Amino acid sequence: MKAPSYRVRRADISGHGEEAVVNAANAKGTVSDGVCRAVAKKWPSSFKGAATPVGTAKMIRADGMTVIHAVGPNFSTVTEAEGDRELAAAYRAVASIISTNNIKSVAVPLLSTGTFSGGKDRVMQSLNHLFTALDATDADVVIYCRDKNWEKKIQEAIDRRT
């Protein structure tokens, strides 16, 4: 049985070479400022019926891509403990979609680290919940980010796991 693998890329997630992509979504399924701007531009039909509650994920095949809309919590709107539970739940929802649909690779941004961060640095919080959830899969996971300081912190965390 294959073990999951983790890499990090500092690049626009819309250019990924994986079988599926995770959109860091909002619950209403709206295309707004965030990862979803790039996902909507690349796969413009992938948002139809995408609305899904916080802490859940919803998949669509559209425009030749598998898009997984995962709704992390907005840390401005929940307590820290409640958001930590919901963030873990959103990544377990992604992992369940990966395993049940036999998806072999996935491009993933860090949920709740931008628009939904409550103005805090949540890179390691979000990454550690990504590892816990995606460890239940056999997928090749590629984490996407824009920030050089994030890219280093993510690679360091991946390296430790070895």
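Here the rigid core means the biggest group of C-alpha atoms that line up within 1.5 Å when the two forms are laid on top of each other. Numbering starts at 1 and follows the sequence shown.
Student: Say the other structures are aligned on the rigid core; which stretch then has the higher CA RMS in 5 other deposited structures of this protein, 28-36 or 50-58?
Tutor: Output: 28-36, the stretch lying farther off on average in 5 other deposited structures of this protein.
Student: May I ask you to compare 13-21 and 149-157 by their mean CA B factor in the entry and name the higher one?
Tutor: According to the PDB entry, the answer is 149-157.
Student: As stated in the PDB record, which stretch has the larger average Cα B-factor, 100-108 or 29-37?
Tutor: Averaged over C-alpha atoms, the B-factors run higher in 29-37.
Student: Between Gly64, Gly114, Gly49, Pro53, where does the Cα B-factor run highest in the record?
Tutor: Among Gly64, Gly114, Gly49, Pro53, the highest C-alpha B-factor in the entry belongs to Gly64.
Student: How does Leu130 rank on Cα B-factor within its chain, lowest, middle or highest third?
Tutor: Lowest third - that is where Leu130 ends up once the chain's C-alpha B-factors are sorted.
Student: Splitting the chain's C-alpha B-factors into thirds, which one does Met59 fall into?
Tutor: It belongs to the lowest third of the chain when residues are ordered by C-alpha B-factor.
Student: With respect to C-alpha B-factor, does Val94 fall in the lowest, middle or highest third of the chain as deposited?
Tutor: Lowest third - that is where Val94 ends up once the chain's C-alpha B-factors are sorted.
Student: Would you mind ranking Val123 by its C-alpha B-factor against the rest of the chain and naming the third, lowest, middle or highest?
Tutor: Middle third - that is where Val123 ends up once the chain's C-alpha B-factors are sorted.
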